[PDB]
Amino acid sequence: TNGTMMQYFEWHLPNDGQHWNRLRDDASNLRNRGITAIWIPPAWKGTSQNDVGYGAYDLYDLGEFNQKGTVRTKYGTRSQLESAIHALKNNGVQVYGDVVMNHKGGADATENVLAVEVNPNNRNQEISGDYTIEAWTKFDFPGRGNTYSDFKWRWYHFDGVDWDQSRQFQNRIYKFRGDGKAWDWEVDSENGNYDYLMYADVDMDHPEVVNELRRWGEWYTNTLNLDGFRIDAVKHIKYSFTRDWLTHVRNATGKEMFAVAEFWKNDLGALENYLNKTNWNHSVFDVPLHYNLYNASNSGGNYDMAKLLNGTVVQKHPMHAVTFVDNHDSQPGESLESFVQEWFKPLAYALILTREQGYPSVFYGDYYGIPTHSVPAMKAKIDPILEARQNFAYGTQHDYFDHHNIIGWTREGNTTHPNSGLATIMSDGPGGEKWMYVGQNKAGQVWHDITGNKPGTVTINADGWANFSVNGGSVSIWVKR
Ligand SMILES: [C]=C1O[C](O[C]2[C]([C][O])O[C](O[C]3[C]([C][O])O[C]([O])[C]([O])[C]3[O])[C]([O])[C]2[O])[C]([O])[C]([O])[C]1[N][C]1[C]=C([C]=O)/C(=O/[C]2O[C]([C][O])[C](O[C]3O[C]([C][O])[C](O[C]4O[C]([C][O])[C](O[C]5OC(=[C])[C]([N][C]6[C]=C([C]=O)C(=O)[C]([O])[C]6[O])[C]([O])[C]5[O])[C]([O])[C]4[O])[C]([O])[C]3[O])[C]([O])[C]2[O])[C]([O])[C]1[O]
Ligand SMILES: OC[C@H]1O[C@H](O[C@H]2[C@H](O)[C@@H](O)[C@@H](O)O[C@@H]2CO)[C@H](O)[C@@H](O)[C@@H]1O
Ligand SMILES: [Ca+2]
Ligand SMILES: [Ca+2]
Ligand SMILES: [Ca+2]
Ligand code: NA
């Protein structure tokens, strides 16, 4: 049976503490639609209640302690969370937790730290003398105390910050001085060294820190009974740390712990290097495909549809790609805003959901909408495609990426899924038809478009071929009627 994950959040969900409850209540519907894993937002305390979670204040406060002005996180309390996970797991849906280990924000107090400024465009170039800054690096977790963990964070657990509370300059990155203090390596080499992203950057060279994060990772998996992770900001975290943290957590828990890293670069070579340095022990989001889809959707029909998978992880390394159309960073108004145009979204979902390559992810924003921007729910258009994935997308695949507008693939179906088999055909331009082979054994069958976009039927010829059709700027997915 086909695996499908859903990112069950968007950036602009309301701060009403009701999200875990909504997820609990949707667990049954999600399973019905063929969702098999749910990626949940950061469950811990961020820098305030309305923090999406990536502010990472206290990884041991899952909406449990009164900290940063709130007991609950944005999404709800710890018990509402456990009860969502229970409901998901009772519906046979796995839960992947987001993991933010790059930095900590929202420190309880500042420390006077000797530091040097480096060039934000080349973090290896020091551009000041050493001097003392006031850095937000002291974490004492007053509201939690030592419950679950007595680890306290101090300046020497971090490599730098971008904010001197005493001087308050923007566009500064401060590297901490101290014995053995250096930006972590290997990380992405954009800006010379991209270890520093925001807030207080965690020093992955620090043995106390490595041990703490490993232990936290076990605690988090154990406390929530997680099935895997989405690892945030991996281009900024020492690659060997991530590789080994994941191996540690899997070994400690005896669980598979499927993991997908967000390595946000539109560059297969960088992704492949990350995969090499992490020994292929986890998957990456297919950021290149995302940009291919985004660009195609903006190309008014003129994208060469035959090249849609070019340069992508899913083309090259299908077993290590999590494919996605959009996410909470690419949604409108966000940091990596590159939102696939609505008309193209169904074609994009069909590409990720009906092909045998990649582990596809459905975005909450797409499925349910983003009311704050004017993004309607596309559930009605995604549902037929999820249905295709769940019941029909099985067996040998034949691709037809051979025209600049109309492309397609078929799936021969297989014995373990009765009536499985499909032919997906799409056009970013005028409609048209394509002959495609669905399997000799399907000769004589009458197929219909499960999306309903093309009325009518197609009968498979004696040889297992048919002339499948699609409307302009549309996808049709033909399956045995
Ligand atoms: C998103 C992303 O990012 C990145 O990426 C990148 C990009 C963008 O940039 O770019 C590029 O890419 C490219 C593209 C684009 O254009 O294109 C293409 O084509 C290409 O190819 C590509 O490549 C690059 O490359 C890249 O890389 C990264 O990488 C990624 O990964 C990402 N994503 C992810 C991640 C993350 C993490 O985080 C996330 O994110 C998000 O979220 C965040 C967080 O939230 C955000 O952030 C923002 O915001 C923030 C907040 O604000 C910031 O921070 C800052 O600020 C602050 C302040 O405000 C600070 O802090 C400090 O200080 C303070 C003051 C303190 N506090 C205190 C005080 C008080 C009063 O008095 C109290 O209340 C308290 O308590 C105390 O404590 C603190 O503590 C301190 O610490 C800091 O420092 C700073 O930093 C930041 O910065 C910003 O940024 C963002 O935006 C978002 O998006 C995400 O989601 C994920 O998924
Ligand atoms: O809907 C039929 C129509 O769909 C596609 O057109 C897109 C256009 O390419 C985009 O630029 C967008 O702005 O809107 C249209 C969909 O509303 C096909 O590209 C076009 O050939 C086809 O006739
Ligand atoms: Ca370091
Ligand atoms: Ca870092
Ligand atoms: Ca085209
Ligand atoms: Na670091």
# chains A, B, ... in the order shown; residues from 1 in each chain; ligands from 1

call {"tool": "residues_around", "arguments": {"residues": "region 249-256 of chain A", "least_positions_apart": "2", "cutoff": "8 Å", "atoms": "only C-alpha atoms", "output": "list in words"}}
result
residues 214, 217, 218, 221, 222, 227, 228, 245, 246, 247 and 258 of chain A

call {"tool": "write_last_selection", "arguments": {"atoms": "N, CA, C and O atoms", "output": "PDB file, in the first residue's frame"}}
result
ATOM      1  N   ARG A 214      20.930  14.360  21.711  1.00  0.00           N
ATOM      2  CA  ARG A 214      20.664  12.925  21.551  1.00  0.00           C
ATOM      3  C   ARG A 214      19.708  12.401  22.563  1.00  0.00           C
ATOM      4  O   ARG A 214      18.763  11.676  22.239  1.00  0.00           O
ATOM      5  N   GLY A 217      16.300  13.806  21.883  1.00  0.00           N
ATOM      6  CA  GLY A 217      15.689  13.167  20.727  1.00  0.00           C
ATOM      7  C   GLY A 217      15.030  11.842  21.097  1.00  0.00           C
ATOM      8  O   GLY A 217      13.940  11.511  20.620  1.00  0.00           O
ATOM      9  N   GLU A 218      15.669  11.086  21.980  1.00  0.00           N
ATOM     10  CA  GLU A 218      15.034   9.890  22.585  1.00  0.00           C
ATOM     11  C   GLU A 218      13.804  10.239  23.405  1.00  0.00           C
ATOM     12  O   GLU A 218      12.757   9.619  23.266  1.00  0.00           O
ATOM     13  N   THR A 221      10.872  11.308  21.027  1.00  0.00           N
ATOM     14  CA  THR A 221      10.330  10.101  20.391  1.00  0.00           C
ATOM     15  C   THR A 221       9.528   9.260  21.371  1.00  0.00           C
ATOM     16  O   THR A 221       8.429   8.812  21.058  1.00  0.00           O
ATOM     17  N   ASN A 222      10.090   9.043  22.566  1.00  0.00           N
ATOM     18  CA  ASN A 222       9.459   8.236  23.608  1.00  0.00           C
ATOM     19  C   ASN A 222       8.217   8.885  24.205  1.00  0.00           C
ATOM     20  O   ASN A 222       7.162   8.228  24.347  1.00  0.00           O
ATOM     21  N   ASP A 227       6.976   8.147  15.118  1.00  0.00           N
ATOM     22  CA  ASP A 227       7.436   7.183  14.134  1.00  0.00           C
ATOM     23  C   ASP A 227       8.577   7.678  13.254  1.00  0.00           C
ATOM     24  O   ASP A 227       9.127   6.925  12.454  1.00  0.00           O
ATOM     25  N   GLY A 228       8.923   8.943  13.369  1.00  0.00           N
ATOM     26  CA  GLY A 228       9.923   9.488  12.512  1.00  0.00           C
ATOM     27  C   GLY A 228       9.980  10.981  12.731  1.00  0.00           C
ATOM     28  O   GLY A 228       9.333  11.515  13.657  1.00  0.00           O
ATOM     29  N   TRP A 245      23.012  11.622  15.164  1.00  0.00           N
ATOM     30  CA  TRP A 245      21.882  11.831  16.022  1.00  0.00           C
ATOM     31  C   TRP A 245      20.740  10.872  15.600  1.00  0.00           C
ATOM     32  O   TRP A 245      20.130  10.154  16.413  1.00  0.00           O
ATOM     33  N   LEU A 246      20.491  10.815  14.306  1.00  0.00           N
ATOM     34  CA  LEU A 246      19.444   9.992  13.794  1.00  0.00           C
ATOM     35  C   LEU A 246      19.762   8.537  14.092  1.00  0.00           C
ATOM     36  O   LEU A 246      18.898   7.788  14.537  1.00  0.00           O
ATOM     37  N   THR A 247      21.008   8.148  13.870  1.00  0.00           N
ATOM     38  CA  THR A 247      21.433   6.771  14.147  1.00  0.00           C
ATOM     39  C   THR A 247      21.317   6.452  15.648  1.00  0.00           C
ATOM     40  O   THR A 247      20.846   5.372  16.035  1.00  0.00           O
ATOM     41  N   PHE A 258      11.727   6.805  10.373  1.00  0.00           N
ATOM     42  CA  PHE A 258      11.859   7.465   9.081  1.00  0.00           C
ATOM     43  C   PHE A 258      12.179   8.945   9.327  1.00  0.00           C
ATOM     44  O   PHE A 258      11.588   9.564  10.212  1.00  0.00           O
TER      45      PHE A 258
END

call {"tool": "residues_around", "arguments": {"residues": "residue 233 (chain A)", "least_positions_apart": "6", "cutoff": "10 Å", "atoms": "only C-alpha atoms", "output": "short mmCIF file (atom, residue, chain, number, x, y, z; two decimals) with C-alpha atoms, in the first residue's frame"}}
result
data_model
loop_
_atom_site.label_atom_id
_atom_site.label_comp_id
_atom_site.auth_asym_id
_atom_site.auth_seq_id
_atom_site.Cartn_x
_atom_site.Cartn_y
_atom_site.Cartn_z
CA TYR A 54 10.62 27.18 15.19
CA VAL A 99 12.85 18.60 15.05
CA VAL A 100 14.57 21.97 15.45
CA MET A 101 18.06 21.60 16.82
CA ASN A 102 19.86 24.36 15.02
CA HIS A 103 19.27 27.13 17.51
CA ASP A 195 26.19 27.27 10.35
CA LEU A 197 20.93 31.03 10.74
CA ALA A 261 15.49 16.58 6.21
CA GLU A 262 14.67 20.06 4.99
CA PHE A 263 17.75 21.01 3.07
CA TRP A 264 16.44 24.11 1.31
#

call {"tool": "closest_atom_pairs", "arguments": {"of": "chain A", "to": "ligand 3", "cutoff": "8 Å", "atoms": "only C-alpha atoms and all ligand atoms", "output": "tab-separated table"}}
result
residue	atom	partner	partner_atom_place_in_ligand_line	distance
A:158	CA	ligand 3	1 (Ca)	7.2
A:159	CA	ligand 3	1 (Ca)	5.2
A:180	CA	ligand 3	1 (Ca)	7.4
A:181	CA	ligand 3	1 (Ca)	5.4
A:182	CA	ligand 3	1 (Ca)	4.4
A:183	CA	ligand 3	1 (Ca)	4.4
A:184	CA	ligand 3	1 (Ca)	4.2
A:185	CA	ligand 3	1 (Ca)	7.7
A:202	CA	ligand 3	1 (Ca)	7.5
A:203	CA	ligand 3	1 (Ca)	4.2
A:204	CA	ligand 3	1 (Ca)	5.6
A:205	CA	ligand 3	1 (Ca)	4.8
A:206	CA	ligand 3	1 (Ca)	6.9

call {"tool": "residues_around", "arguments": {"residues": "residue 301 (chain A)", "least_positions_apart": "2", "cutoff": "7 Å", "atoms": "only C-alpha atoms", "output": "PyMOL selection string"}}
result
chain A and resi 299+303+428-429

call {"tool": "write_last_selection", "arguments": {"atoms": "N, CA, C and O atoms", "output": "compact mmCIF listing (two decimals), in the first residue's frame"}}
result
# COMPACT_ATOMS: atom_id res chain seq x y z
N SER A 299 4.49 29.69 -15.76
CA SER A 299 4.96 29.78 -17.12
C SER A 299 3.87 29.84 -18.16
O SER A 299 4.16 29.77 -19.35
N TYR A 303 6.09 26.04 -20.16
CA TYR A 303 7.12 25.22 -19.59
C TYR A 303 7.18 23.97 -20.40
O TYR A 303 6.16 23.48 -20.85
N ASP A 428 -0.20 21.34 -19.47
CA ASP A 428 -0.04 22.70 -18.94
C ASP A 428 -0.48 23.68 -20.02
O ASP A 428 -0.49 24.90 -19.80
N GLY A 429 -0.88 23.13 -21.16
CA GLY A 429 -1.34 23.88 -22.31
C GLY A 429 -2.66 23.34 -22.84
O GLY A 429 -3.42 22.79 -22.10

call {"tool": "closest_atom_pairs", "arguments": {"of": "chain A", "to": "ligand 5", "cutoff": "10 Å", "atoms": "only C-alpha atoms and all ligand atoms", "output": "JSON lines"}}
result
{"residue": "A:296", "atom": "CA", "partner": "ligand 5", "partner_atom_place_in_ligand_line": "1 (Ca)", "distance": 7.9}
{"residue": "A:297", "atom": "CA", "partner": "ligand 5", "partner_atom_place_in_ligand_line": "1 (Ca)", "distance": 9.8}
{"residue": "A:299", "atom": "CA", "partner": "ligand 5", "partner_atom_place_in_ligand_line": "1 (Ca)", "distance": 7.9}
{"residue": "A:300", "atom": "CA", "partner": "ligand 5", "partner_atom_place_in_ligand_line": "1 (Ca)", "distance": 7.9}
{"residue": "A:301", "atom": "CA", "partner": "ligand 5", "partner_atom_place_in_ligand_line": "1 (Ca)", "distance": 4.3}
{"residue": "A:302", "atom": "CA", "partner": "ligand 5", "partner_atom_place_in_ligand_line": "1 (Ca)", "distance": 4.1}
{"residue": "A:303", "atom": "CA", "partner": "ligand 5", "partner_atom_place_in_ligand_line": "1 (Ca)", "distance": 4.2}
{"residue": "A:304", "atom": "CA", "partner": "ligand 5", "partner_atom_place_in_ligand_line": "1 (Ca)", "distance": 4.6}
{"residue": "A:305", "atom": "CA", "partner": "ligand 5", "partner_atom_place_in_ligand_line": "1 (Ca)", "distance": 5.3}
{"residue": "A:306", "atom": "CA", "partner": "ligand 5", "partner_atom_place_in_ligand_line": "1 (Ca)", "distance": 8.3}
{"residue": "A:307", "atom": "CA", "partner": "ligand 5", "partner_atom_place_in_ligand_line": "1 (Ca)", "distance": 9.8}
{"residue": "A:308", "atom": "CA", "partner": "ligand 5", "partner_atom_place_in_ligand_line": "1 (Ca)", "distance": 9.9}
{"residue": "A:403", "atom": "CA", "partner": "ligand 5", "partner_atom_place_in_ligand_line": "1 (Ca)", "distance": 8.0}
{"residue": "A:404", "atom": "CA", "partner": "ligand 5", "partner_atom_place_in_ligand_line": "1 (Ca)", "distance": 4.6}
{"residue": "A:405", "atom": "CA", "partner": "ligand 5", "partner_atom_place_in_ligand_line": "1 (Ca)", "distance": 3.7}
{"residue": "A:406", "atom": "CA", "partner": "ligand 5", "partner_atom_place_in_ligand_line": "1 (Ca)", "distance": 7.4}
{"residue": "A:407", "atom": "CA", "partner": "ligand 5", "partner_atom_place_in_ligand_line": "1 (Ca)", "distance": 9.5}
{"residue": "A:427", "atom": "CA", "partner": "ligand 5", "partner_atom_place_in_ligand_line": "1 (Ca)", "distance": 7.2}
{"residue": "A:428", "atom": "CA", "partner": "ligand 5", "partner_atom_place_in_ligand_line": "1 (Ca)", "distance": 5.2}
{"residue": "A:429", "atom": "CA", "partner": "ligand 5", "partner_atom_place_in_ligand_line": "1 (Ca)", "distance": 5.5}
{"residue": "A:430", "atom": "CA", "partner": "ligand 5", "partner_atom_place_in_ligand_line": "1 (Ca)", "distance": 8.7}
{"residue": "A:473", "atom": "CA", "partner": "ligand 5", "partner_atom_place_in_ligand_line": "1 (Ca)", "distance": 9.3}

call {"tool": "write_last_selection", "arguments": {"atoms": "C-alpha atoms", "output": "mmCIF file, in the first residue's frame"}}
result
data_model
loop_
_atom_site.group_PDB
_atom_site.id
_atom_site.type_symbol
_atom_site.label_atom_id
_atom_site.label_comp_id
_atom_site.auth_asym_id
_atom_site.auth_seq_id
_atom_site.Cartn_x
_atom_site.Cartn_y
_atom_site.Cartn_z
ATOM 1 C CA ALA A 296 5.970 25.523 -14.471
ATOM 2 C CA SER A 297 2.829 26.935 -12.773
ATOM 3 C CA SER A 299 4.961 29.779 -17.115
ATOM 4 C CA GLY A 300 1.516 30.211 -18.634
ATOM 5 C CA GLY A 301 1.762 26.924 -20.507
ATOM 6 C CA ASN A 302 5.217 27.495 -21.893
ATOM 7 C CA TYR A 303 7.118 25.222 -19.586
ATOM 8 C CA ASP A 304 8.475 22.161 -21.281
ATOM 9 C CA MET A 305 6.487 19.536 -19.415
ATOM 10 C CA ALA A 306 8.831 16.810 -20.605
ATOM 11 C CA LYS A 307 11.548 18.362 -18.291
ATOM 12 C CA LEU A 308 9.447 18.680 -15.152
ATOM 13 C CA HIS A 403 5.836 16.531 -25.325
ATOM 14 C CA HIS A 404 6.196 20.105 -24.163
ATOM 15 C CA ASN A 405 2.592 20.312 -22.946
ATOM 16 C CA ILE A 406 1.055 16.864 -22.607
ATOM 17 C CA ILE A 407 2.763 14.298 -20.477
ATOM 18 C CA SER A 427 -1.316 19.277 -19.960
ATOM 19 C CA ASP A 428 -0.038 22.698 -18.944
ATOM 20 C CA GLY A 429 -1.343 23.879 -22.311
ATOM 21 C CA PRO A 430 -4.110 22.930 -24.748
ATOM 22 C CA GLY A 473 -4.399 23.019 -18.243
#

call {"tool": "atom_distance", "arguments": {"atom1": "CA of residue 411 (chain A)", "atom2": "atom 22 (C, counted along the ligand's line) of ligand 2"}}
result
26.0 Å

call {"tool": "closest_atom_pairs", "arguments": {"of": "region 38-107 of chain A", "to": "region 316-333 of chain A", "cutoff": "12 Å", "atoms": "only C-alpha atoms", "output": "JSON lines"}}
result
{"residue": "A:39", "atom": "CA", "partner": "A:327", "partner_atom": "CA", "distance": 11.3}
{"residue": "A:40", "atom": "CA", "partner": "A:328", "partner_atom": "CA", "distance": 11.9}
{"residue": "A:41", "atom": "CA", "partner": "A:328", "partner_atom": "CA", "distance": 10.1}
{"residue": "A:52", "atom": "CA", "partner": "A:328", "partner_atom": "CA", "distance": 10.0}
{"residue": "A:54", "atom": "CA", "partner": "A:329", "partner_atom": "CA", "distance": 11.7}

call {"tool": "write_last_selection", "arguments": {"atoms": "N, CA, C and O atoms", "output": "short mmCIF file (atom, residue, chain, number, x, y, z; two decimals), in the first residue's frame"}}
result
data_model
loop_
_atom_site.label_atom_id
_atom_site.label_comp_id
_atom_site.auth_asym_id
_atom_site.auth_seq_id
_atom_site.Cartn_x
_atom_site.Cartn_y
_atom_site.Cartn_z
N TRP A 39 2.85 14.78 9.50
CA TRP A 39 3.97 15.56 10.03
C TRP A 39 3.38 16.71 10.81
O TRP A 39 2.63 17.52 10.27
N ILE A 40 3.67 16.74 12.09
CA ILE A 40 3.04 17.65 12.99
C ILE A 40 4.00 18.82 13.20
O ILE A 40 5.17 18.64 13.09
N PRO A 41 3.46 20.01 13.49
CA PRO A 41 4.33 21.16 13.73
C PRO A 41 5.14 20.94 15.00
O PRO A 41 4.85 20.02 15.73
N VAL A 52 5.06 29.74 15.63
CA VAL A 52 4.78 28.51 14.87
C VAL A 52 5.52 27.34 15.49
O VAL A 52 5.08 26.19 15.39
N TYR A 54 9.24 27.24 15.57
CA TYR A 54 10.62 27.18 15.19
C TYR A 54 11.49 28.14 15.99
O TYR A 54 12.71 28.11 15.85
#

call {"tool": "atom_distance", "arguments": {"atom1": "atom 1 (C, counted along the ligand's line) of ligand 1", "atom2": "CA of residue 287 (chain A)"}}
result
12.6 Å

call {"tool": "select_by_dssp", "arguments": {"residues": "region 143-226 of chain A", "states": "strand (DSSP E)", "output": "PyMOL selection string"}}
result
chain A and resi 158-161+173-176+200-202

call {"tool": "closest_residue", "arguments": {"among": "A:160, A:142, A:53, A:92", "to": "ligand 6", "atoms": "only C-alpha atoms and all ligand atoms"}}
result
A:160

call {"tool": "residues_near_ligand", "arguments": {"ligand": "ligand 1", "cutoff": "6 Å", "atoms": "only C-alpha atoms and all ligand atoms", "output": "NGL selection string"}}
result
:A and (54-55 or 105-108 or 136 or 161-163 or 198-200 or 232-233 or 264-266 or 329 or 335-336)

call {"tool": "write_last_selection", "arguments": {"atoms": "C-alpha atoms", "output": "PDB file, in the first residue's frame"}}
result
ATOM      1  CA  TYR A  54      10.618  27.183  15.189  1.00  0.00           C
ATOM      2  CA  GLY A  55      11.574  29.808  17.809  1.00  0.00           C
ATOM      3  CA  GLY A 105      15.572  31.532  20.828  1.00  0.00           C
ATOM      4  CA  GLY A 106      13.811  33.352  23.589  1.00  0.00           C
ATOM      5  CA  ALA A 107      16.578  32.983  26.158  1.00  0.00           C
ATOM      6  CA  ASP A 108      15.739  33.872  29.751  1.00  0.00           C
ATOM      7  CA  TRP A 136      20.691  35.987  24.686  1.00  0.00           C
ATOM      8  CA  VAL A 161      24.162  35.032  17.814  1.00  0.00           C
ATOM      9  CA  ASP A 162      23.045  37.838  15.535  1.00  0.00           C
ATOM     10  CA  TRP A 163      21.950  40.240  18.244  1.00  0.00           C
ATOM     11  CA  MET A 198      19.115  32.817  13.607  1.00  0.00           C
ATOM     12  CA  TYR A 199      18.741  33.191  17.301  1.00  0.00           C
ATOM     13  CA  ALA A 200      21.416  31.463  19.406  1.00  0.00           C
ATOM     14  CA  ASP A 232      14.510  21.426  10.169  1.00  0.00           C
ATOM     15  CA  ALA A 233      17.404  23.576   8.880  1.00  0.00           C
ATOM     16  CA  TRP A 264      16.439  24.109   1.311  1.00  0.00           C
ATOM     17  CA  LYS A 265      18.528  24.577  -1.817  1.00  0.00           C
ATOM     18  CA  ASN A 266      17.375  24.404  -5.391  1.00  0.00           C
ATOM     19  CA  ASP A 329       7.762  28.203   3.916  1.00  0.00           C
ATOM     20  CA  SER A 335      10.206  33.366   3.704  1.00  0.00           C
ATOM     21  CA  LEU A 336      10.614  31.076   0.713  1.00  0.00           C
TER      22      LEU A 336
END

call {"tool": "residues_around", "arguments": {"residues": "residue 412 (chain A)", "least_positions_apart": "5", "cutoff": "6 Å", "atoms": "only C-alpha atoms", "output": "tab-separated table (two decimals) with N, CA and C atoms, in the first residue's frame"}}
result
chain	number	residue	atom	x	y	z
A	395	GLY	N	2.10	-1.06	-9.27
A	395	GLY	CA	2.59	-1.83	-10.42
A	395	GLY	C	3.60	-1.06	-11.23
A	396	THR	N	4.03	-1.68	-12.33
A	396	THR	CA	5.04	-1.13	-13.22
A	396	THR	C	4.56	0.17	-13.82
A	421	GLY	N	-4.24	0.10	-11.33
A	421	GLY	CA	-3.82	0.44	-12.69
A	421	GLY	C	-4.38	1.80	-12.98
A	438	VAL	N	-1.08	0.49	-20.84
A	438	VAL	CA	-1.43	0.15	-19.45
A	438	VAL	C	-1.28	-1.31	-19.03
A	439	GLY	N	-0.80	-2.16	-19.93
A	439	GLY	CA	-0.67	-3.58	-19.61
A	439	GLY	C	-1.58	-4.40	-20.50

call {"tool": "select_by_dssp", "arguments": {"residues": "region 172-400 of chain A", "states": "helix (DSSP H, G or I)", "output": "PyMOL selection string"}}
result
chain A and resi 207-224+234-236+239-253+268-277+287-297+305-307+313-316+318-320+342-354+364-368+379-391

call {"tool": "write_last_selection", "arguments": {"atoms": "C-alpha atoms", "output": "CSV table (one decimal), in the first residue's frame"}}
result
chain,number,residue,atom,x,y,z
A,207,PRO,CA,30.1,17.3,23.6
A,208,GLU,CA,27.6,18.3,26.3
A,209,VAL,CA,25.4,19.6,23.5
A,210,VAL,CA,25.6,16.6,21.3
A,211,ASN,CA,24.8,14.4,24.3
A,212,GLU,CA,21.9,16.6,25.4
A,213,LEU,CA,20.3,16.7,21.9
A,214,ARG,CA,20.7,12.9,21.6
A,215,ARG,CA,19.0,12.4,24.8
A,216,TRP,CA,16.3,14.9,24.0
A,217,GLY,CA,15.7,13.2,20.7
A,218,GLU,CA,15.0,9.9,22.6
A,219,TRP,CA,12.9,11.7,25.1
A,220,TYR,CA,10.8,13.3,22.4
A,221,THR,CA,10.3,10.1,20.4
A,222,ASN,CA,9.5,8.2,23.6
A,223,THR,CA,7.2,10.9,25.1
A,224,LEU,CA,5.2,11.2,21.9
A,234,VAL,CA,19.8,20.7,8.2
A,235,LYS,CA,22.1,22.8,5.9
A,236,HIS,CA,23.0,24.8,9.1
A,239,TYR,CA,26.1,17.1,8.8
A,240,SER,CA,27.8,14.4,10.8
A,241,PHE,CA,25.8,15.5,13.9
A,242,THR,CA,22.6,14.9,12.1
A,243,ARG,CA,23.7,11.6,10.6
A,244,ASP,CA,24.7,10.4,14.0
A,245,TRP,CA,21.9,11.8,16.0
A,246,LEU,CA,19.4,10.0,13.8
A,247,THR,CA,21.4,6.8,14.1
A,248,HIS,CA,21.6,7.2,17.9
A,249,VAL,CA,17.8,7.8,18.2
A,250,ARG,CA,17.0,4.8,16.0
A,251,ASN,CA,19.4,2.6,17.9
A,252,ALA,CA,18.1,3.8,21.3
A,253,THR,CA,14.5,3.3,20.5
A,268,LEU,CA,20.7,18.6,-6.6
A,269,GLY,CA,24.4,18.6,-6.2
A,270,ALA,CA,24.2,20.1,-2.8
A,271,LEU,CA,21.4,17.7,-1.8
A,272,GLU,CA,23.4,14.8,-3.0
A,273,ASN,CA,26.5,15.9,-1.0
A,274,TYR,CA,24.3,16.1,2.1
A,275,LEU,CA,23.0,12.6,1.4
A,276,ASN,CA,26.6,11.4,0.9
A,277,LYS,CA,27.8,13.0,4.2
A,287,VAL,CA,13.2,21.2,-3.2
A,288,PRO,CA,14.2,21.2,-6.8
A,289,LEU,CA,10.9,19.6,-7.9
A,290,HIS,CA,9.1,22.2,-5.9
A,291,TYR,CA,10.8,24.9,-7.8
A,292,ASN,CA,10.2,23.1,-11.1
A,293,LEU,CA,6.5,23.0,-10.2
A,294,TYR,CA,6.4,26.5,-9.1
A,295,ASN,CA,8.1,27.7,-12.3
A,296,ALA,CA,6.0,25.5,-14.5
A,297,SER,CA,2.8,26.9,-12.8
A,305,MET,CA,6.5,19.5,-19.4
A,306,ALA,CA,8.8,16.8,-20.6
A,307,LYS,CA,11.5,18.4,-18.3
A,313,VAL,CA,15.9,14.4,-6.2
A,314,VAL,CA,12.9,12.3,-7.1
A,315,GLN,CA,14.3,11.7,-10.6
A,316,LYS,CA,17.7,10.8,-9.4
A,318,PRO,CA,13.6,8.3,-5.7
A,319,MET,CA,14.0,6.3,-2.5
A,320,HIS,CA,15.4,9.4,-0.7
A,342,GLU,CA,-3.8,27.1,-8.2
A,343,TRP,CA,-4.6,25.9,-11.7
A,344,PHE,CA,-1.4,23.9,-11.8
A,345,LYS,CA,-1.8,22.4,-8.3
A,346,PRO,CA,-3.9,19.4,-9.3
A,347,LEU,CA,-1.3,18.6,-12.0
A,348,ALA,CA,1.4,18.9,-9.4
A,349,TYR,CA,-0.4,16.6,-6.9
A,350,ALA,CA,-1.0,14.1,-9.6
A,351,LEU,CA,2.7,14.0,-10.4
A,352,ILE,CA,3.7,13.4,-6.8
A,353,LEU,CA,0.9,11.1,-5.9
A,354,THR,CA,0.4,8.8,-8.9
A,364,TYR,CA,-2.5,21.3,4.9
A,365,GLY,CA,-2.6,24.8,3.3
A,366,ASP,CA,-3.4,23.3,-0.1
A,367,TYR,CA,-5.9,20.7,1.2
A,368,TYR,CA,-7.8,22.9,3.7
A,379,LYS,CA,-9.5,19.1,-0.9
A,380,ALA,CA,-12.2,18.4,-3.5
A,381,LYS,CA,-9.5,18.3,-6.3
A,382,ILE,CA,-6.9,16.4,-4.3
A,383,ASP,CA,-9.3,13.8,-2.9
A,384,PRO,CA,-9.8,12.0,-6.3
A,385,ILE,CA,-6.0,12.0,-6.7
A,386,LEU,CA,-5.4,10.6,-3.2
A,387,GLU,CA,-8.0,8.0,-4.1
A,388,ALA,CA,-6.0,7.2,-7.2
A,389,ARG,CA,-2.9,6.8,-5.1
A,390,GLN,CA,-4.6,4.7,-2.5
A,391,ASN,CA,-6.4,2.3,-4.8

call {"tool": "closest_residue", "arguments": {"among": "A:130, A:463, A:25, A:51", "to": "residue 81 (chain A)", "atoms": "only C-alpha atoms"}}
result
A:25
